[PDB]
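start.txt (compact mmCIF, C-alpha atoms and all ligand atoms) appears below.
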```txt
# COMPACT_ATOMS: atom_id res chain seq x y z
CA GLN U 1 -10.49 -22.46 15.34
CA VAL U 2 -13.90 -20.81 15.03
CA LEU U 3 -11.92 -17.57 15.26
CA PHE U 4 -11.46 -17.76 11.49
CA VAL U 5 -15.23 -17.97 10.88
CA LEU U 6 -16.17 -15.38 13.54
CA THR U 7 -13.72 -12.87 12.00
CA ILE U 8 -15.06 -13.45 8.46
CA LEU U 9 -18.68 -13.07 9.63
CA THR U 10 -17.69 -9.82 11.37
CA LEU U 11 -16.05 -8.49 8.19
CA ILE U 12 -18.97 -9.60 6.08
CA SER U 13 -21.22 -7.70 8.50
CA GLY U 14 -19.07 -4.59 8.25
CA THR U 15 -18.88 -4.91 4.49
CA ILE U 16 -22.70 -5.06 4.32
CA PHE U 17 -23.16 -2.21 6.73
CA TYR U 18 -20.72 0.24 5.02
CA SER U 19 -21.89 -0.57 1.43
CA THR U 20 -25.45 0.20 2.46
CA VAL U 21 -25.19 3.00 4.94
CA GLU U 22 -22.10 4.85 3.73
CA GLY U 23 -22.66 3.95 0.05
CA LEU U 24 -19.27 2.30 -0.50
CA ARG U 25 -18.17 -0.31 -3.02
CA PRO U 26 -17.92 -3.67 -1.21
CA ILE U 27 -14.13 -3.78 -1.46
CA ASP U 28 -13.94 -0.28 0.09
CA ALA U 29 -16.50 -1.30 2.71
CA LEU U 30 -14.52 -4.41 3.61
CA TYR U 31 -11.36 -2.34 3.59
CA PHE U 32 -12.83 0.12 6.03
CA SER U 33 -14.05 -2.66 8.28
CA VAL U 34 -10.62 -4.32 8.35
CA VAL U 35 -8.48 -1.24 9.04
CA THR U 36 -10.98 -0.13 11.69
CA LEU U 37 -11.04 -3.40 13.61
CA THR U 38 -7.23 -3.75 13.39
CA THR U 39 -7.00 -0.10 14.66
CA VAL U 40 -4.88 0.97 11.71
CA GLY U 41 -7.44 3.70 10.83
CA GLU U 42 -5.99 5.04 7.56
CA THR U 43 -9.19 6.01 5.71
CA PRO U 44 -11.34 9.00 6.54
CA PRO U 45 -14.11 8.47 9.09
CA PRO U 46 -17.76 7.56 8.39
CA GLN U 47 -19.71 10.58 7.09
CA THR U 48 -23.15 9.53 8.43
CA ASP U 49 -24.24 9.62 12.05
CA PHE U 50 -25.40 6.02 11.73
CA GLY U 51 -21.98 5.07 10.34
CA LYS U 52 -20.38 6.77 13.36
CA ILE U 53 -22.66 5.05 15.86
CA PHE U 54 -22.27 1.65 14.27
CA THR U 55 -18.49 2.03 14.00
CA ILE U 56 -18.34 2.82 17.76
CA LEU U 57 -20.11 -0.45 18.66
CA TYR U 58 -18.49 -2.39 15.86
CA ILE U 59 -15.08 -1.39 17.38
CA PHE U 60 -15.92 -2.41 20.96
CA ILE U 61 -17.45 -5.74 19.83
CA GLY U 62 -15.23 -6.54 16.81
CA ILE U 63 -11.72 -5.71 17.96
CA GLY U 64 -11.35 -8.45 20.65
CA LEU U 65 -12.51 -11.04 18.15
CA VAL U 66 -10.28 -9.81 15.30
CA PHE U 67 -7.24 -9.57 17.63
CA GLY U 68 -8.05 -12.98 19.14
CA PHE U 69 -7.77 -14.36 15.62
CA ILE U 70 -4.61 -12.42 14.73
CA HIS U 71 -3.18 -13.68 18.04
CA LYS U 72 -3.92 -17.39 17.44
CA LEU U 73 -2.66 -17.11 13.85
CA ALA U 74 0.65 -15.81 15.24
CA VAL U 75 1.35 -17.99 18.28
CA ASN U 76 -0.23 -21.11 16.77
CA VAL U 77 0.43 -21.10 13.02
CA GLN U 78 3.11 -18.55 12.09
CA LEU U 79 5.49 -19.32 14.96
CA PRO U 80 5.98 -23.11 14.28
CA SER U 81 5.90 -22.50 10.50
CA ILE U 82 8.84 -20.07 10.87
CA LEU U 83 10.53 -22.57 13.22
CA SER U 84 11.12 -25.15 10.42
CA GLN M 1 -17.60 -4.91 36.09
CA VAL M 2 -17.10 -1.22 36.87
CA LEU M 3 -15.10 -1.21 33.63
CA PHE M 4 -18.36 -0.57 31.80
CA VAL M 5 -19.12 2.53 33.88
CA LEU M 6 -15.52 3.84 33.91
CA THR M 7 -15.39 3.62 30.09
CA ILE M 8 -18.73 5.44 29.68
CA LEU M 9 -17.67 8.21 32.09
CA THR M 10 -14.42 8.56 30.11
CA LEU M 11 -16.33 8.86 26.82
CA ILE M 12 -18.81 11.27 28.34
CA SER M 13 -15.82 13.35 29.50
CA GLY M 14 -14.30 13.29 26.03
CA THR M 15 -17.62 14.08 24.44
CA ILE M 16 -17.99 17.13 26.72
CA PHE M 17 -14.44 18.25 26.17
CA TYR M 18 -14.48 18.05 22.32
CA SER M 19 -17.98 19.63 21.94
CA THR M 20 -16.83 22.59 23.99
CA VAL M 21 -13.23 23.10 23.09
CA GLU M 22 -13.15 21.91 19.47
CA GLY M 23 -16.75 22.99 18.75
CA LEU M 24 -17.98 19.57 17.60
CA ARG M 25 -21.47 18.08 17.56
CA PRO M 26 -21.73 15.62 20.48
CA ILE M 27 -21.87 12.58 18.19
CA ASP M 28 -18.68 13.77 16.44
CA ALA M 29 -17.11 14.53 19.81
CA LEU M 30 -17.95 11.08 21.12
CA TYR M 31 -16.74 9.60 17.87
CA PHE M 32 -13.42 11.33 18.18
CA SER M 33 -13.05 10.23 21.78
CA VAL M 34 -13.77 6.59 20.89
CA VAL M 35 -11.46 6.25 17.87
CA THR M 36 -8.71 8.05 19.81
CA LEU M 37 -8.85 5.86 22.90
CA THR M 38 -9.09 2.67 20.78
CA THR M 39 -6.06 4.00 18.77
CA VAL M 40 -7.89 3.71 15.47
CA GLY M 41 -7.26 7.42 14.77
CA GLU M 42 -9.25 7.91 11.54
CA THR M 43 -10.40 11.53 11.96
CA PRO M 44 -8.17 14.56 11.59
CA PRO M 45 -6.40 15.76 14.74
CA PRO M 46 -7.61 18.44 17.19
CA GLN M 47 -7.16 21.95 15.74
CA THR M 48 -6.71 23.79 19.08
CA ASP M 49 -3.64 23.65 21.30
CA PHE M 50 -5.88 22.82 24.25
CA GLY M 51 -7.45 19.99 22.24
CA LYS M 52 -3.93 18.69 21.51
CA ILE M 53 -2.83 18.91 25.13
CA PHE M 54 -5.98 17.30 26.46
CA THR M 55 -5.87 14.54 23.85
CA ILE M 56 -2.27 13.71 24.92
CA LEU M 57 -3.33 13.20 28.56
CA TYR M 58 -6.68 11.72 27.64
CA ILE M 59 -4.74 9.04 25.64
CA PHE M 60 -2.29 8.13 28.43
CA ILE M 61 -5.09 7.98 31.05
CA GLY M 62 -7.99 6.67 28.92
CA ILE M 63 -6.45 3.94 26.80
CA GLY M 64 -5.64 1.44 29.62
CA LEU M 65 -9.18 1.77 30.92
CA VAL M 66 -10.84 1.45 27.49
CA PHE M 67 -8.65 -1.56 26.58
CA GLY M 68 -9.22 -3.11 30.02
CA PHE M 69 -12.92 -3.01 29.19
CA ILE M 70 -12.52 -4.29 25.63
CA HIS M 71 -10.35 -7.06 27.12
CA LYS M 72 -12.88 -8.20 29.76
CA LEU M 73 -15.71 -8.02 27.21
CA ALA M 74 -13.72 -10.42 25.01
CA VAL M 75 -12.31 -13.00 27.42
CA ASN M 76 -15.31 -12.90 29.76
CA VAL M 77 -18.45 -12.31 27.67
CA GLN M 78 -17.76 -12.89 23.97
CA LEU M 79 -15.67 -16.05 24.37
CA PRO M 80 -18.27 -18.19 26.30
CA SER M 81 -21.12 -16.70 24.24
CA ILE M 82 -19.41 -17.93 21.05
CA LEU M 83 -18.71 -21.27 22.77
CA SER M 84 -22.44 -22.25 22.90
CA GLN E 1 9.06 3.75 37.91
CA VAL E 2 11.71 5.02 35.49
CA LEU E 3 9.06 4.36 32.85
CA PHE E 4 7.74 7.86 33.52
CA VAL E 5 11.14 9.46 32.84
CA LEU E 6 11.99 7.22 29.85
CA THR E 7 8.66 8.12 28.19
CA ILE E 8 9.17 11.87 28.77
CA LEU E 9 12.72 11.73 27.38
CA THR E 10 11.36 9.88 24.32
CA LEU E 11 8.68 12.54 23.77
CA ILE E 12 11.17 15.33 24.31
CA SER E 13 13.36 13.66 21.68
CA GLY E 14 10.46 13.42 19.25
CA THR E 15 9.42 16.97 19.98
CA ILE E 16 12.97 18.16 19.18
CA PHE E 17 13.24 16.05 16.08
CA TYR E 18 9.88 17.11 14.51
CA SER E 19 10.28 20.85 15.35
CA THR E 20 13.64 20.85 13.61
CA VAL E 21 13.28 18.47 10.74
CA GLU E 22 9.60 18.85 9.86
CA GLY E 23 9.43 22.52 10.94
CA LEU E 24 6.59 22.10 13.44
CA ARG E 25 5.63 24.15 16.48
CA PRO E 26 6.76 22.24 19.60
CA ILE E 27 3.20 21.45 20.68
CA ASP E 28 2.48 20.01 17.20
CA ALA E 29 5.79 18.15 17.29
CA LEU E 30 5.01 16.66 20.68
CA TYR E 31 1.51 15.89 19.49
CA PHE E 32 2.83 14.01 16.51
CA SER E 33 5.28 12.09 18.65
CA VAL E 34 2.55 11.05 21.11
CA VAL E 35 -0.09 9.91 18.61
CA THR E 36 2.60 8.06 16.65
CA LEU E 37 4.02 6.13 19.59
CA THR E 38 0.51 5.30 20.91
CA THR E 39 -0.36 4.13 17.32
CA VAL E 40 -3.36 6.43 17.12
CA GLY E 41 -1.94 8.04 13.94
CA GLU E 42 -4.46 10.84 13.34
CA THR E 43 -2.21 13.51 11.79
CA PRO E 44 -0.82 13.38 8.28
CA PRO E 45 2.54 11.65 7.84
CA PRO E 46 6.01 13.28 7.87
CA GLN E 47 6.68 15.15 4.60
CA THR E 48 10.50 14.75 4.61
CA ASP E 49 12.40 11.56 3.89
CA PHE E 50 14.37 12.07 7.09
CA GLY E 51 11.10 12.46 9.01
CA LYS E 52 9.91 9.18 7.48
CA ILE E 53 13.12 7.34 8.31
CA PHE E 54 13.27 8.66 11.84
CA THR E 55 9.59 7.91 12.45
CA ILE E 56 10.17 4.27 11.36
CA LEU E 57 12.93 3.79 13.97
CA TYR E 58 11.24 5.99 16.52
CA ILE E 59 8.19 3.64 16.26
CA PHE E 60 10.14 0.39 16.68
CA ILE E 61 12.17 1.79 19.62
CA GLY E 62 9.56 4.08 21.25
CA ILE E 63 6.37 2.06 21.21
CA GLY E 64 7.43 -0.71 23.67
CA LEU E 65 8.58 1.93 26.13
CA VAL E 66 5.46 4.11 25.78
CA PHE E 67 3.15 1.06 26.09
CA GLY E 68 5.20 -0.29 29.02
CA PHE E 69 4.43 2.99 30.76
CA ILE E 70 0.75 3.05 29.78
CA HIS E 71 0.59 -0.55 31.02
CA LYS E 72 2.12 0.12 34.47
CA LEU E 73 -0.03 3.24 34.87
CA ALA E 74 -3.10 1.05 34.31
CA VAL E 75 -2.40 -2.13 36.29
CA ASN E 76 -0.48 -0.34 39.04
CA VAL E 77 -2.04 3.10 39.57
CA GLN E 78 -5.45 3.34 37.89
CA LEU E 79 -6.73 -0.08 38.94
CA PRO E 80 -6.34 0.33 42.78
CA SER E 81 -7.38 4.00 42.54
CA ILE E 82 -10.67 2.94 40.91
CA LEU E 83 -10.99 0.14 43.51
CA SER E 84 -11.54 2.60 46.42
CA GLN R 1 16.18 -13.80 17.15
CA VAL R 2 14.91 -14.57 13.65
CA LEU R 3 12.24 -11.99 14.47
CA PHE R 4 14.64 -9.33 13.22
CA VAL R 5 15.03 -11.04 9.83
CA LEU R 6 11.35 -12.00 9.47
CA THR R 7 10.32 -8.36 10.10
CA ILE R 8 12.83 -7.02 7.55
CA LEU R 9 11.71 -9.54 4.91
CA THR R 10 8.09 -8.50 5.58
CA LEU R 11 8.96 -4.81 5.14
CA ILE R 12 11.00 -5.54 2.05
CA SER R 13 7.96 -7.39 0.69
CA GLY R 14 5.68 -4.46 1.47
CA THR R 15 8.17 -2.02 0.03
CA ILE R 16 8.26 -4.03 -3.22
CA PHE R 17 4.52 -4.41 -3.36
CA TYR R 18 3.64 -0.71 -2.79
CA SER R 19 6.38 0.65 -5.15
CA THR R 20 5.02 -1.55 -7.92
CA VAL R 21 1.31 -1.63 -7.41
CA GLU R 22 0.65 1.79 -5.89
CA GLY R 23 3.52 3.49 -7.76
CA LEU R 24 5.30 4.83 -4.67
CA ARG R 25 8.93 5.76 -4.10
CA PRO R 26 10.58 2.95 -2.09
CA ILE R 27 10.95 5.10 1.03
CA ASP R 28 7.21 5.96 0.86
CA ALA R 29 6.40 2.31 0.18
CA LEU R 30 8.44 1.18 3.17
CA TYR R 31 6.89 3.94 5.22
CA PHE R 32 3.42 2.80 4.35
CA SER R 33 4.28 -0.80 5.15
CA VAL R 34 5.70 0.14 8.56
CA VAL R 35 2.88 2.42 9.77
CA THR R 36 0.34 -0.13 8.53
CA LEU R 37 1.83 -3.13 10.31
CA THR R 38 2.38 -1.12 13.53
CA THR R 39 -1.31 0.04 13.21
CA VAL R 40 -0.35 3.70 13.36
CA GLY R 41 -2.11 4.32 10.01
CA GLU R 42 -1.21 7.97 9.36
CA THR R 43 -1.01 7.99 5.54
CA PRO R 44 -3.98 7.83 3.23
CA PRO R 45 -5.17 4.36 2.20
CA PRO R 46 -4.15 2.40 -0.93
CA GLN R 47 -5.87 3.78 -4.05
CA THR R 48 -5.94 0.50 -6.04
CA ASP R 49 -8.20 -2.47 -5.36
CA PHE R 50 -5.15 -4.73 -5.42
CA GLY R 51 -3.44 -2.46 -2.88
CA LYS R 52 -6.54 -2.74 -0.67
CA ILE R 53 -6.71 -6.52 -0.97
CA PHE R 54 -3.02 -7.00 -0.35
CA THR R 55 -3.04 -4.59 2.61
CA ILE R 56 -5.89 -6.62 4.20
CA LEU R 57 -3.85 -9.85 4.06
CA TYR R 58 -0.57 -8.11 4.74
CA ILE R 59 -2.16 -6.78 8.00
CA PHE R 60 -3.49 -10.15 9.21
CA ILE R 61 -0.19 -11.93 8.40
CA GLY R 62 2.32 -9.13 9.14
CA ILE R 63 1.09 -7.59 12.37
CA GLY R 64 1.72 -10.60 14.70
CA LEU R 65 5.25 -10.88 13.36
CA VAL R 66 6.01 -7.15 13.59
CA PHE R 67 4.56 -6.95 17.13
CA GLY R 68 6.38 -10.15 18.14
CA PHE R 69 9.58 -8.36 17.19
CA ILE R 70 8.66 -5.07 18.88
CA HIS R 71 7.76 -7.17 21.95
CA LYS R 72 11.08 -9.07 22.14
CA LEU R 73 13.02 -5.85 21.51
CA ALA R 74 11.27 -4.33 24.54
CA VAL R 75 11.25 -7.11 27.14
CA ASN R 76 14.60 -8.56 26.05
CA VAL R 77 16.84 -5.68 24.91
CA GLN R 78 15.43 -2.32 26.01
CA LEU R 79 14.43 -3.36 29.53
CA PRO R 80 17.91 -4.58 30.75
CA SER R 81 19.64 -1.79 28.81
CA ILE R 82 17.58 0.79 30.73
CA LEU R 83 18.26 -1.16 33.96
CA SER R 84 22.02 -0.30 33.95
RB RB U 101 -3.56 1.56 16.42
RB RB U 102 -4.19 3.98 14.16
RB RB U 103 -4.81 6.33 11.95
```
Written as structure tokens, that's how I'd like the structure from this file.
Amino acid sequence: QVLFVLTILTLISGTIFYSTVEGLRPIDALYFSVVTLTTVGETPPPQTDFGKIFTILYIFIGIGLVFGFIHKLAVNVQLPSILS
Amino acid sequence: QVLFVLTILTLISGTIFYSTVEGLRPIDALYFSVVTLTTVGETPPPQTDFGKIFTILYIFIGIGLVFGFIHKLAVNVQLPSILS
Amino acid sequence: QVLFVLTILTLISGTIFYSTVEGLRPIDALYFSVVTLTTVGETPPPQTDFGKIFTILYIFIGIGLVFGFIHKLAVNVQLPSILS
Amino acid sequence: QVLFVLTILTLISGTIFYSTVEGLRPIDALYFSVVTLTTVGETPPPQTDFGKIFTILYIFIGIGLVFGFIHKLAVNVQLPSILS
């Protein structure tokens, strides 16, 4: 469902934010965004106060969306695929 | 619902704790609190034993509250907004 | 419920393991155990292969228990307390 | 259920990927895979762009599976075992 598009837009947004503000290469910016929203958290934190502030809000807004997608992918695509 | 206020009070509490005990700038203290309670965990750990102890309890008490909020925000605000 | 005791036994176990095997001070060992099982993950990883192996199994066994507790604490203690 | 096998295949896959691409010792590769898919995230991130890209997809595909397993283990094996 739209979940796929909403997640991609969210990651694009994060990728744009962290390339600009934190000065990261897109792939690193997208990486950061992904591991942050999935709560994995394996990179170091944002160095700038604006990066911190954004990440805070990005987490509260982005996580439900990203885990809604991961959820539907699982019990909606992966489950029946496996069961075959 | 009250979830919004309870979460903010919890983050204020964490922000006060980590500024005092760990000696962090508020924004860093609030950052720590947020990434801890959301289980992202991208900063280094608390350096003081009191920081450790507090974080342990702060996690067990704070996480259910913070994820209750993130949950209601998603399936209560974000979902219908998207569906428009 | 027993959840409280099961969680404490699990943390005691982790505290004993990581003091011995990784050579950590109890409080650090307990800290590690807690942030690992809550999936926060803010310390560095175990340095020993036995620490790695144990952590893998400790995560698969411990997490459901620890989040069962955090869950009951929330929708069973915190929720009605707040609603007062 | 198959969950056990699907999880092991997923970790084997991650173990193979990270030994090859990132140049890690199997046990380290498997460790990385496990803490990534459980969202603990305590090691440093992948250093290679291919490691980053793979991890992104590995997270979206692997997490639902790994947490489906952890879930069934809990409310299906651990719960009744405890209740005895
Ligand atoms: Rb996490
Ligand atoms: Rb994490
Ligand atoms: Rb982490």
Given the choices U:78, U:55, U:1, U:39, which gets closest to ligand RB 103 (chain U) if the distance is worked out from only C-alpha atoms and all ligand atoms? U:39
Env. residues ligand RB 102 (chain U) / 8 Å / all atoms listed in the file / as number ranges by chain: U: 39-42; M: 39-42; E: 39-42; R: 39-42
Hey, could you pull the box centre and edge lengths for region 63-70 of chain M, axis-aligned, 3 Å padding per side, all listed atoms, to one decimal in Å, as lines of an AutoDock Vina configuration file?
```
center_x = -9.3
center_y = -0.2
center_z = 28.3
size_x = 13.3
size_y = 14.2
size_z = 11.3
```
Interface, chain M side, toward chain E (9 Å; only C-alpha atoms) as a list in words: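 Therefore, the residues near the partner are residues 2, 6, 35, 36, 37, 38, 39, 40, 41, 42, 43, 44, 45, 49, 52, 53, 55, 56, 59, 60, 61, 63, 64, 65 and 68 of chain M.
Separating CA of residue 3 (chain R) from CA of residue 9 (chain E) is a distance of 27.0 Å.
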Grab the CA of residue 20 (chain E) to CA of residue 47 (chain M) distance for me, in Å with one decimal place.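 Those two atoms sit 20.9 Å apart.
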10 Å contact set for residue 25 (chain E), all atoms listed in the file, chain neighbours under 6 positions out, as a PyMOL selection string: chain E and resi 15-16+18-19+31
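Between CA of residue 13 (chain R) and CA of residue 48 (chain R) the interatomic distance comes to 17.3 Å.
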Could you write region 25-50 of chain R as a tab-separated table (two decimals), in the coordinates of the input, with N, CA and C atoms rebuilt where they are missing?
```
chain	number	residue	atom	x	y	z
R	25	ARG	N	7.48	5.80	-4.28
R	25	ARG	CA	8.93	5.76	-4.10
R	25	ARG	C	9.26	4.79	-2.95
R	26	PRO	N	10.27	3.93	-3.12
R	26	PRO	CA	10.58	2.95	-2.09
R	26	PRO	C	10.40	3.44	-0.66
R	27	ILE	N	10.97	4.59	-0.35
R	27	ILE	CA	10.95	5.10	1.03
R	27	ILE	C	9.50	5.31	1.51
R	28	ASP	N	8.65	5.84	0.63
R	28	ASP	CA	7.21	5.96	0.86
R	28	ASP	C	6.50	4.61	0.97
R	29	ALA	N	6.96	3.65	0.18
R	29	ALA	CA	6.40	2.31	0.18
R	29	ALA	C	6.73	1.61	1.49
R	30	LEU	N	7.98	1.73	1.90
R	30	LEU	CA	8.44	1.18	3.17
R	30	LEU	C	7.76	1.90	4.33
R	31	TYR	N	7.51	3.19	4.15
R	31	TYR	CA	6.89	3.94	5.22
R	31	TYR	C	5.50	3.38	5.41
R	32	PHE	N	4.77	3.31	4.32
R	32	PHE	CA	3.42	2.80	4.35
R	32	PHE	C	3.36	1.46	5.03
R	33	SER	N	4.22	0.55	4.60
R	33	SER	CA	4.28	-0.80	5.15
R	33	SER	C	4.44	-0.75	6.65
R	34	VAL	N	5.40	0.04	7.11
R	34	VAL	CA	5.70	0.14	8.56
R	34	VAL	C	4.57	0.69	9.43
R	35	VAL	N	3.96	1.80	9.00
R	35	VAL	CA	2.88	2.42	9.77
R	35	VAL	C	1.57	1.60	9.72
R	36	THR	N	1.49	0.74	8.70
R	36	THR	CA	0.34	-0.13	8.53
R	36	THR	C	0.43	-1.29	9.48
R	37	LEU	N	1.59	-1.94	9.48
R	37	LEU	CA	1.83	-3.13	10.31
R	37	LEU	C	1.93	-2.84	11.78
R	38	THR	N	2.37	-1.62	12.11
R	38	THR	CA	2.38	-1.12	13.53
R	38	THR	C	1.04	-0.52	13.95
R	39	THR	N	0.10	-0.48	13.01
R	39	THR	CA	-1.31	0.04	13.21
R	39	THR	C	-1.42	1.56	13.53
R	40	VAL	N	-0.37	2.28	13.25
R	40	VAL	CA	-0.35	3.70	13.36
R	40	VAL	C	-1.30	4.32	12.29
R	41	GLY	N	-1.12	3.99	11.02
R	41	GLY	CA	-2.11	4.32	10.01
R	41	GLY	C	-2.24	5.77	9.61
R	42	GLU	N	-1.09	6.50	9.58
R	42	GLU	CA	-1.21	7.97	9.36
R	42	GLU	C	-1.21	8.47	7.87
R	43	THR	N	-0.90	7.61	6.94
R	43	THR	CA	-1.01	7.99	5.54
R	43	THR	C	-2.39	7.72	5.03
R	44	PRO	N	-2.68	8.18	3.81
R	44	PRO	CA	-3.98	7.83	3.23
R	44	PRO	C	-3.97	6.37	2.85
R	45	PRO	N	-5.15	5.79	2.55
R	45	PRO	CA	-5.17	4.36	2.20
R	45	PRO	C	-4.64	4.05	0.79
R	46	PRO	N	-4.44	2.77	0.46
R	46	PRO	CA	-4.15	2.40	-0.93
R	46	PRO	C	-5.26	2.83	-1.86
R	47	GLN	N	-4.90	3.32	-3.03
R	47	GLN	CA	-5.87	3.78	-4.05
R	47	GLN	C	-6.36	2.65	-4.97
R	48	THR	N	-5.58	1.59	-5.12
R	48	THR	CA	-5.94	0.50	-6.04
R	48	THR	C	-6.59	-0.65	-5.28
R	49	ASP	N	-7.48	-1.37	-5.96
R	49	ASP	CA	-8.20	-2.47	-5.36
R	49	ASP	C	-7.22	-3.57	-4.96
R	50	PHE	N	-6.15	-3.73	-5.73
R	50	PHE	CA	-5.15	-4.73	-5.42
R	50	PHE	C	-4.33	-4.31	-4.19
```
